Each structure stands twice: as structure tokens, then as C-alpha cells.
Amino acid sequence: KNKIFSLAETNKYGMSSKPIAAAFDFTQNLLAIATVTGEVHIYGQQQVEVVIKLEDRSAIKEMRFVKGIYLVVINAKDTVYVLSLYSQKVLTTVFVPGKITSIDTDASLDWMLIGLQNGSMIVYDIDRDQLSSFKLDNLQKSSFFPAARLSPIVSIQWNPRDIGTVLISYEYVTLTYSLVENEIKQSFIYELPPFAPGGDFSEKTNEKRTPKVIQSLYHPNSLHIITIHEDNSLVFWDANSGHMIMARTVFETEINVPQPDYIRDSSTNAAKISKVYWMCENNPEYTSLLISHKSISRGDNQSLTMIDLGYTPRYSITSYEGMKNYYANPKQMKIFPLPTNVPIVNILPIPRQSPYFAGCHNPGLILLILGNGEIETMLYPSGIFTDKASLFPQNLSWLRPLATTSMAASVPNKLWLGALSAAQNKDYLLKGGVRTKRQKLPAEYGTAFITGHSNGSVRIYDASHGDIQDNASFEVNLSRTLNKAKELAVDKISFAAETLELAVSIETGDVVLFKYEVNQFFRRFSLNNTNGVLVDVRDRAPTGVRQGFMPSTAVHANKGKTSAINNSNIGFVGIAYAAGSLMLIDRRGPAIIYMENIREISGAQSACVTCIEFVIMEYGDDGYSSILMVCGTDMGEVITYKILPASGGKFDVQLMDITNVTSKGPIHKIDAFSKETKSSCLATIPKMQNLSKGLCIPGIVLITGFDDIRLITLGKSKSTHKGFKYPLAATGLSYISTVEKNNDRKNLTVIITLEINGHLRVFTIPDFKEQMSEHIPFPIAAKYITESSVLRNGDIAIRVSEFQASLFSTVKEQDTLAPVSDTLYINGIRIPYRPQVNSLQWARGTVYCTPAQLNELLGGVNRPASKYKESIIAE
């Protein structure tokens, strides 16, 4: 009933599925990340983010930004899509005649080279949506190995300084090809004589070998090239003479020389090479190689290796031996240990100097997408990994690193907005696009989101995209507060919205308290230093932050993991431990005012308290309101405590009673409302101050069990209950206002419920008359569904999966403005001049070719004008 309620999704957070591939455009300075189900997220400065969903739900293999206005996306079905960063829609879909095994594009060119399984190479005109007549047959079969198996094209790359030359690798031969002269310029075939050790994974060292090629790359100067093979061999060649300069691996050289008495001196089990990147610094004369390794076993066997080659000797005055010396004695080699044992699925360097040199021009950061969906960021060349949420839009923080817990709360905008105004994100990395202003009409309450991570970090921000809320956020790190590096996974979180206080529990059982406030402005700190349970960590506050969530106390009970926590809005914090202990702390102090193991009080077989809540209402029938701490146990028991203002501003704790309320344990949600006004009875400072008035407010407490809800009156026996067909995921009370008369404001208190399978319901209380019944529109993960939070205005924040959350509204009538999108493409940004062959490095030998001339070669003299408005715009 009630035309008042209607289910609608208001917002999405994180990603609807696992990230699988990424790309970056230097010119527009935008980051694109694609998922396993065909969605493409494009990010820019601050919170700029646009999502484009492909018709096909197939996974994305590769993406490239071209001409600064197009995004080329290729899915698993070898279907090529071309997206417009100008109109934010798909411009064309193309099915490729064959299996795509390699490609290459260039930010300044309209052409994409495509290698196929059959070893052929075709060229596609991205700008005019047409295939070129230019096609290459399998050169390996026709010119080098006719009797060999039909080889596919393993890799293709545009010559860094000459758009008219391309580097092509087949399995057993690599070669440079001139599109202008239409002929093979040079070839390179890596052969090992008998007794040559070869790469770490080389087999039958006794015979002659031609180890398959897995990748080919041009040296930034374009005069040398490297070929990497299956045995892990790294071979450097002079691109013009074809002379093989030197063959080596990460640990040795002269691997091409026969050594019948060779013995592998390695205390490190080899890791097969996955991919290689040739980087260069601001000044192209300095370069380095970044190498990734496919794991063996399954334990952190995925580290990155960097070989800094330093200054490249001048080509014209360096002998082959000089060059061999250059490659044999790197300026430096360092291994970058990956924080995780999870396999890397995609590596993307983030260029800082220009879009050239295959997008590796002075990258100060490397983006990594892991098989589990986590996204890592490693500073280059330092190798320092960072999880600073502030570096990218907040929606990406759900991935860096994955959230282990989360919640949402209705917070009063009064002080909330003041805190956000002073917390704008001023140090994000991306610069592209413009965030479209989406001003949200004022409200007394806003929505705060809070996430915990395996990292030990906790992110805090507003779920809205308003002027002040959109780009504001806070991040607190327990690794600092605790001077710890392992065992930091956030287990539970409690956020007191009225006093902006925070309680964080970690996997060890320790709990740290924080509070939004002004800040005070050793390396030996350890919780085990003192014998006290309350450890002062006030001085462990973040250095340069004038204000924010500052730490105060660390709770070191040494009582195991927590079973429940609740930072009240009245200075008290309740903490329960799986082992049975129950603790009550008064922030005024701070001090522990109560601590007993509830197992010695249970009438049932209660092992621990599974839920804690603070209320101010009449206990039983004593005629006045009291401060009551209500606790639900894993066995359906409810324990009620009275918190009484005592002498010297302290408080006494009095156990009122323990009652076995339901066989549907455990109790995981507690709430309350007044019997007459049906307004919230959760404890608040103003309510606490009113105690001196001696008012009496009888109320009803809601006890949420496994699959049943109990309505009870504290201190009384009578009650009611409502059972559900499916287990309950989350419940909560909502307070709504409905106009109807002439300007009459009639409020309504409803309870909203979410079952673990995704079904959502709204009921009026205490009669429990259903007002709405609908299922969430998509599959939801049982694992995270229980983190969901019902909000004060009828909204509900739901965690759908490991990387996704959605905000839903249940109240139909709402002040909704038509959806709007951010701007991605910015006009007038000039794409720099591509590097050219240094007449100073290799004078002559090259054949200058302008893009105009390349366009004629590949497109023909009568190349049509494109049908895209984007073609002319991009000039």
C-alpha cells in the first residue's frame, strides 16, 4: 500500500564487476578502467567519472586512447569498439576477420595495426571507420620458416621516432618493416648453439635452440631493439645492422655462449617472464626496463624487476662491444616486492612527460590490476606502493585496497558540512575533464559512508555529489596509530554521527578510537609496552593535518576478536568480545567503567554479545527515562544495563536484567522508538541533558534476530514479533515527513528490512503492516549484504559485492533532477610533437614520413572524409 513508497537506485559506488584492463591518455590526462562484464569507467580530476556500458557483457582485453578524443576498446570476442570522449557514446562496432593476437596504436595517428592468429597484419582506420587495403601475409612462413607451423603475430610496435617503420615479431623471427618502402628492413633470429645455457627456463641445453619470441620492443633511441623469449632470454639487437649485441637474463650474461660445464648458481627459483616495458626519463637519453614475472607455486612469486640502463652511449661513436658493455653492467638493478601474492593481470605506466615512447615517457607511477580485482599503485622508480585514497576519485578507493567492512550513517549537516568544507581533495593525480556541478538542495541530514580495508585504513566521506560534499573526504591509517605493518584488516566499524566519533576494530581484537577535532599541531611505540588495556595514542596523530579524525585511545584487551562495538553519541563506547568479555568505556577520561564476561550471567548458552545499542527511555515501569545500554547475544538473549550519573561527574553501571528473547539467535540489530510519538530513542547528548527534567518516555525496542524481529518493552514481559521467510540481512527505522492537507506536515515512522537474498520490505510499526515489497534489481553477494545500512530518510546503503555498493531510496516522492554527465573532452589541448630520428644519433638511413603522407599510404589518395564530428574537432 501507500503510494508513498517506491524502490529506486540513487547511486553506485566502486565497480559493478572486477576491473580487468586499463588505459591512460596523456593529452587529456584521463584514466580508463574496464571490467569483466563490459563496463568502461573513465576518470579525471577530483571526482570526474563517466561510465560507458557496452552492449555485449563480454570482458575487455585492451584499450587505447587515440587522437585524444577516441577510446578504442577490444573485448574477448575480438570485437573492436570505438568510443567518443566527446559524445560519451559508442561510435562504431567492428568484428575482426580473424583472431587478434596483438595490436598497437599511437596517440597522434588515426591508424591501428592488427596482428592475427594466422600471422597476417591488417590496418584499421579509427578516424574514418574503414579497413586499409594494406595487408601483410605471414612473413615468417614465406621468408624464414616455410616448413614451420603457421605462426601468429606475437607483437607489433610503431617505431618510436619514425611512423613509417614497424617492429613485428613472430614466434621464431622478428623484423622491422617499412610501410613507405613496402619491404622488410631487417630481421633478427635468436639461435642458441649446443651447450649454450640460454634463459633460466631453457631446456636441453645440449642441442641447438630457437626459443619462441613472446615480445619485441624498440629502444627509446629507436636504434636498438630487444626481443624476449620463452626461456626468459633478453636479447638486444642493433636495429639497423641486425647485429646481436648481447644475450642475457636478469642474473647473468653471455648466455648465448656454449658452456658445457655450466651450473645454475641461483638460490632463487626462476619465474617466467610475463611482460616487459622499456621506460625512459624526462630526458629520453636515460632509460630502464620494467619486468613482470608469471608465478610458480602461488606465493608472492610475482615481484617486479627494474634494470636502470642509465645514460645511453651515443650510437655513432660506440662500438658493439661498447654497447654490449652498456647492457651487461646496468646502472642499477632493484627488485620491487609486490605487497601481495595475487597474480598481476595488467600493468599500466602513467606517463608524465609526453604520450610517446609507447606511453612510457617518464612515468612516476605504475598502475597494477590484480587477478582478485584489487588495484595497486607503485611509485616509479622508487618502487614504493601507495594506497592513499586521495590520489584518485573516491569510487576507486573501494579497490585500493579492497574493503573488508563498511557502513553508512545519517549525519546532521550542521557540523558535518563545516568539516567537509575544510577537507576538499586537493592532491588527486589526474587533471582531465570537468566535474559537472550537481547542486543538492539543502537538508538537515546528509549521508556518510565509511569503509574499512585489509590495509588498516578507514575512508570517510559524503555519499552525495553536492557542491561541498562531492570532493571532500578523510582517511585515517591504523598502521601509523599502531606502528604495525601486518594484521591490520579492519574488522568492524562504528560511527557516531552526532558527535563525529569513530571506533575501529581490527582482526587482532584491538580497537582504536578517533574523533573529529583540532590536532596537536616515536618509532618504538607498541601496544605491548604498557600493561594497561587503554593505551594512549594521542601523540600518534598525523603530522600536517590541522584537523580531522584524531586518535586518542587504543584498546588492548588481549581478549581475542570483537563480537560487537558501538561508539555511542553520548561519550560511551561499548565493546564485546567473541570470548565473552563486555566492556564499557567513558570517553570523558577516558576510562573503563564496566568489564565482565557475559557468560557468567547468561540464562541460555550465550557465548558473547553480538549487538550493542544505547538508548534513553523509560526502563520497565519506573516513571522516568534512563540511559540504557541494551545488548543482544548470539543465543537470542537481551541484557539491559542502566548507566547512572554519579558523583564527581562519573557514571555507575547497573545490570537491570537479562532475558532470553528469541530462539532465532544471533541478535545483530537493535533499534528503538517512543510509544507515543514514535520518534527515535537512541541516546543523544540533548536527550541526556533532558534527564534532569525528569520526563518519562516509554518506548519499544526492536530486536533483529536470524530471521525474526522482536518488539519488546524493556523491563516488561509482554511483546510481539514478526518472522521472515529468508534470513535477515539488515533492518532499521526511518523517519519520513509527508505533506497532504493544506501544508500539514505529517511524519511517519517505518521499519525497513532487507533479507540476505536481496528482497526489501517496508512496514509501519508497531502493527507491522507491509507498505512495500520489492526485490533489489540485481544479484547480491551474501557475504557483503549484511553490511547494509538503513538511513534516516528511507534510504538504504547496500554493499552488492566486493567492489560495489548502491544507495537506494524507498520514498517515491523525491527532489530528483535529471541525471547529468561530467565533461571528458577538453577543447584546445595541444598534442605535442612526436620524437623524430636524431640526425645527431643516426644521421641518414631514415626516411622522413609525415602523418599526411602516412594517411595517403594506408588510406589511399581518395581517402574519404570521416563521418565523425570528432575527426575535425580533434585538430
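All residue numbers are counted from 1 along the displayed sequence.
- Per the record, residue 95 and residue 96 are directly connected, with no deposited-sequence residue omitted between them.
- As the entry records it, the average C-alpha temperature factor is higher for 381 to 389, out of 381 to 389 and 345 to 353.
- In this entry, the higher average B-factor at the C-alpha atoms falls on 828 to 836, of the pair 828 to 836 and 47 to 55.
- Highest C-alpha temperature factor among 226, 450, 100, 695 per the entry: 695.
- In the deposited coordinates, the residue among 553, 108, 660, 118 with the greatest CA B-factor is 660.
- Per-chain ranking of the deposited C-alpha B factor places residue 812 in the highest third.
- When all modelled residues of the chain are sorted by CA temperature factor, residue 818 is found within the highest third.
- Sort the modelled residues of the chain by CA B factor and residue 161 lands in the lowest third.
- Split the chain's modelled residues into thirds by C-alpha temperature factor. Residue 256 is in the highest one.
- In the PDB entry, residue 669 places in the middle third of its chain by CA B-factor.
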